[PDB]
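Heavy-atom basis, side chains included; hydrogens, waters and symmetry copies ignored. One is the number of the first residue; the rest follow in order along the sequence.
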Amino acid sequence: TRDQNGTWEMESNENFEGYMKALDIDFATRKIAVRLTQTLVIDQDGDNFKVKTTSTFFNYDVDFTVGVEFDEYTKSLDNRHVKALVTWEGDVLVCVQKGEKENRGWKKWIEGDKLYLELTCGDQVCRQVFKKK
């Protein structure tokens, strides 16, 4: 399925530390963020996505249209400018964030009743699994 709608609660988070370190997120921030349960709220209508990520101490919200390039300032993360593009490869939603960091982006897909999110930066891969609320 390409339907990623829903409220998704984090089951697992592997190598979030390595991903954040590759983004040059400060030590203090990383130490808090790695411990936190994330909730991902995805509102998907056709090509239009509105995504909200919440935890006790940090938020990150992004809206995008599949197949439409969009400039991003990664406020609250690493504060960089990237040129972002989100497209489908089969039922995998693929984001490339073109800019200073190499191999920066993410891939997201549904398998069973779970959402998988693979965050990449440089030589680091973070793997997250969410289950539907």
Should we count [atom1] of [X] as having more than 12 external heavy atoms under 6.0 Å?
X	atom1	answer
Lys50	NZ	yes
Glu102	CD	no
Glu11	CD	yes
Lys133	NZ	yes

Side-chain heavy-atom pair [X], [Y] within 4.5 angstrom cut-off:
X	Y	result
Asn59	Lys52	no
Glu14	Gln128	no
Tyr19	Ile25	no
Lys21	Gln124	no
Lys107	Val92	yes
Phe70	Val62	yes

Requested in this report: Would you sort out whether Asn103 and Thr120 count as a side chain to side chain donor-acceptor pair (under 3.5 Å), showing the intermediate values?
Outcome: CA-CA 6 Å; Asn103 303 284; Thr120 61; over 6 Å; no
**Report entry** Side-chain donor/acceptor of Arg30 to backbone N/O of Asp24, under 3.5 Å
**Finding:** no
Query - side-chain contact (heavy atoms from CB on, under 4.5 Å) between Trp88 and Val66, worked out - result: CA-CA 8 Å; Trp88 292 107; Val66 173; 3.8 Å; yes
Going from [atom1] on [X] to [atom2] on [Y], what distance comes out if it is rounded to the nearest 0.5 angstrom?
X	Y	atom1	atom2	value
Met10	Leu115	CE	CG	10.0 Å
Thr1	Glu111	OG1	CD	12.0 Å
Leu93	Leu117	CG	CG	10.0 Å
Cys126	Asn15	SG	CG	6.5 Å
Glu69	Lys98	CD	NZ	10.0 Å
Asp43	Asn5	CG	CG	6.0 Å

Which pairs would a plain distance check flag for residues 31-42, meaning a side-chain donor or acceptor within less than 3.5 Å of a matching protein atom at least two apart in sequence or in another chain?
unit_1	atom_1	unit_2	atom_2	d
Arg35	NE	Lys31	O	3.2

Requested in this report: Please lay out, stage by stage, how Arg104 and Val82 fare under the test side-chain contact (heavy atoms from CB on, under 4.5 Å).
Outcome: CA-CA 9 Å; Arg104 184 184 183 154; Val82 297; 4.0 Å; yes
Report summary line: Quick note, ring-ring contact (aromatic ring centres under 6.0 Å, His included) partners involving residues 29-60, not counting sequence neighbours, are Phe49-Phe64
Requested in this report: Among residues two or more places apart or on two chains, list those pairs meeting ring-ring contact (aromatic ring centres under 6.0 Å, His included) that have a residue in residues 111-133.
Outcome: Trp109-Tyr116
**Report entry** side-chain contact (heavy atoms from CB on, under 4.5 Å) assessment of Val125 paired with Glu118
**Finding:** CA-CA 7 Å; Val125 181; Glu118 193 161 286; 3.5 Å; yes
Report summary line: Exactly one of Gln97, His81, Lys83 clears side-chain contact (heavy atoms from CB on, under 4.5 Å) with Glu72, and that residue is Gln97
